[PDB]
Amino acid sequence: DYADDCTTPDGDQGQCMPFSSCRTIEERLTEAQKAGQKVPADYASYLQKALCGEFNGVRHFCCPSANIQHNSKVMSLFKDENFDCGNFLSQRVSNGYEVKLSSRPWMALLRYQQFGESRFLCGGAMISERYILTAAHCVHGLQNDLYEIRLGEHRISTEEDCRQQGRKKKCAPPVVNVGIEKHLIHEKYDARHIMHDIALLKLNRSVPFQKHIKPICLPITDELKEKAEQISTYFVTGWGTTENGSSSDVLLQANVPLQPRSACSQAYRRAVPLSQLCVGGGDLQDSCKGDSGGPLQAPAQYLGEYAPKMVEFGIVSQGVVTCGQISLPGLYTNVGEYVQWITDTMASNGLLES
């Protein structure tokens, strides 16, 4: 299967990866192409021996562990100088939870058609013109119910979301309501224990970036993956969307602390692996601001960009409850541990049409 442990024909331990996620294979293939030639016969023979299957129409090869890289077919987008992810200024500091109109333009609302009606029951965040990142618990066993995504939202109840501009008002453009072509749940998602709680939703058309709809950045470098545990305070943003729908009509945000994993391991009476982050708890109105499957976000140095960019470091997995009651620390998916899976899943499923 994709990413299974394997041994290369030359005896190195590795994982079953697409060629675009193996620095050494990609270099050999690129070097031959650049010279206007095929790879030598002995190397073609090595690749046949290294072949570990075909998953979602992509040939996979055993790649030595140290040579595994994020999928170059997707990294070319994320590293593009014109890929405008995590852009924010954004607002002047108020004590409460208010969010400036359009200031978190990646925020997504997941719509479900159930008891004859439809409701937003999860959140998520735009990561590209065709992909939304969310929790697997928002998607698993719900493929027939989960049917639309809403992007560019601020206040759910009003079709027009405006702010004062002088003696007049400036409104954000209309929201975008888009369908879902693919429900892409992590292969190792455990629905019983809630582990590897991550999923991608591929939109059924491209949603071009607009002033109020833009992607969030991902922790695509070693520095950013390492940063997840060094950040003291994160933004927990959303409409407080749970199985009971949104608790807030308007987008809100709180500054919530990263906690030691022991806080969650004690509260949930279960081991907390490195693939999870422990956040917040012990408050009445802060930890609860997030959406089920929504982002855990913070500004960071993204590649060589001058301005800090917002990066999604976590995904709301468990323990984020309704406001007004004392919360327990919340479990979040540690996004850095899944960027490899994200890039390979987006690559095999296509950035544009499938």
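Just count from 1 along the sequence shown to find any residue number.
For the pair 307-315 and 43-51, the mean B factor over Cα atoms is greater in 43-51.
Higher average CA B factor: 75-83, of the stretches 213-221 and 75-83. Each of 237, 114, 128, 157 has a CA temperature factor in the record; the biggest one is found at 114. In this entry, the residue among 206, 259, 244, 230 with the greatest C-alpha B factor is 244.
Among the modelled residues of its chain, residue 30 has a C-alpha B-factor that falls in the middle third, as given in the PDB entry. In this PDB entry, the Cα temperature factor of residue 96 sits in the top third of its chain's modelled residues, the highest group.
Compared with the other modelled residues of the chain, the Cα B-factor recorded for residue 271 ranks in the highest third.
Among the modelled residues of its chain, residue 296 has a C-alpha B-factor that falls in the lowest third according to the deposited record.
Ranked by Cα temperature factor within the chain, residue 179 sits in the lowest third according to the deposited record.
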